[PDB]
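To start, the structure itself, in structure tokens.
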Amino acid sequence: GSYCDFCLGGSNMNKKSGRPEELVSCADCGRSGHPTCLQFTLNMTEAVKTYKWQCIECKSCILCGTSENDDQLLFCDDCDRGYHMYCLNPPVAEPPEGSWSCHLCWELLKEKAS
Amino acid sequence: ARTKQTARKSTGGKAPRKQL
Ligand SMILES: [Zn+2]
Ligand SMILES: [Zn+2]
Ligand SMILES: [Zn+2]
Ligand SMILES: [Zn+2]
Numbered sequence: 001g002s003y004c005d006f007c008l009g010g011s012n013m014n015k016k017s018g019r020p021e022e023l024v025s026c027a028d029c030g031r032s033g034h035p036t037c038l039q040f041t042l043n044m045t046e047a048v049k050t051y052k053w054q055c056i057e058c059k060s061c062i063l064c065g066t067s068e069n070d071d072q073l074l075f076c077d078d079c080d081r082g083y084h085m086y087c088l089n090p091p092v093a094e095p096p097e098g099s100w101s102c103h104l105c106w107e108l109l110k111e112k113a114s
Numbered sequence: 115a116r117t118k119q120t121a122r123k124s125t126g127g128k129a130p131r132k133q134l
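If you read the sequences in order, they're chains A and B.
Reminder that position 38 of the first sequence reads as 38 in the working numbering, one-by-one numbering, no gaps.
Each number in the working numbering comes from the position in the second sequence (counting from 1) with 114 added on.
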């Protein structure tokens, strides 16, 4: 049943907890991982499960879909998106101190109600 | 703000090299 790319358990067993959890298979390379291990959340988990998810490196800056200066390519926290700090609507200069949120996150933030 | 660089990218792990 595959294994996650961080503890290498499976879609029904974590190696770091010993708890059942469905892995996420990258759509760019095909490697599996526990969203929890992926540092994700449930929204991210679901997101990857509903669309073409990428495992960090496979994660290209959707904004310009290049992933050039990836060393800036921020990491989303609700879906699994990736945006170059210098591509964002309000381009980042330095990795936000708190929990950064991609645009999908924001549009989802509003879409939550109304 | 997990950025895609050395200092971070802890979600870029893909099974440790142990299976030869
Ligand atoms: Zn795991
Ligand atoms: Zn991948
Ligand atoms: Zn970009
Ligand atoms: Zn997001």
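Ideal placement from N, C-alpha and C gives every residue a C-beta, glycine not left out.
Fill in: Heavy atom of ligand 2 within 8 angstroms of B/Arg116 beta-carbon
No, the beta carbon of B/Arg116 sits no closer than 8 angstroms to any heavy atom of ligand 2.
Worksheet item: Are A/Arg31 and B/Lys123 close, meaning C-beta to C-beta below 9 angstroms?
Response: Judged by their CB atoms, A/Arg31 and B/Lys123 are not nearer to each other than the 9 angstroms cut-off.
Worksheet item: Beta carbon of A/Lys15: closer than 8 angstroms to some heavy atom of ligand 1?
Response: Checking the Cβ of A/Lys15 against ligand 1 gives yes.
Worksheet entry | A/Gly33 at chain B interface by Cβ criterion, 9 angstroms | Yes, A/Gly33 counts as interfacial toward chain B.
Worksheet entry | For ligand 6, residues whose Cβ lies under 5 angstroms from any non-hydrogen atom | Summarising the ligand content, the structure contains ligand 1, ligand 2, ligand 3 and ligand 4 and does not contain ligand 6.
Item to complete: Take the Cβ of A/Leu42 as the centre, count every other Cβ of all protein chains shown within 10 Å, and call the residue buried at 16 or more, exposed below.
Response: Flag for A/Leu42 reads exposed.
Worksheet item: For the putative contact between A/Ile62 and B/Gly126, defined by C-beta atoms under 8 angstroms, what is the C-beta separation to the nearest angstrom?
Response: With a beta-carbon spacing of about 17 angstroms, A/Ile62 and B/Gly126 fall beyond the 8 angstroms limit used to define contacts.
Discussion item. Nearer than 8 angstroms: is that true of the beta carbon of A/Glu57 relative to any heavy atom of ligand 3?
Written reply: Flag unset: Cβ of A/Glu57 not near ligand 3.
Practice prompt. Kindly say whether B/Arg131, judged by its beta-carbon, lies nearer than 9 angstroms to any beta-carbon of chain A.
Written response: No, its Cβ sits nowhere closer than 9 angstroms to a Cβ of chain A.
Discussion item. Residues of chain B with CB closer than 8 angstroms to the CB of A/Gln72, please, in chain order.
Written reply: Going along chain B in sequence order, the residues near A/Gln72 (Cβ under 8 angstroms) are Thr117, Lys118, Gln119.
Discussion item. Helix, strand or coil for A/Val92? Go by DSSP, reduced to three states.
Written reply: Of the three classes helix, strand and coil, the one that applies to A/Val92 here is coil, per DSSP.
Discussion item. Tell me whether A/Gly9, by its Cβ, gets closer than 8 angstroms to a heavy atom of ligand 1.
Written reply: The answer is yes for A/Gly9.
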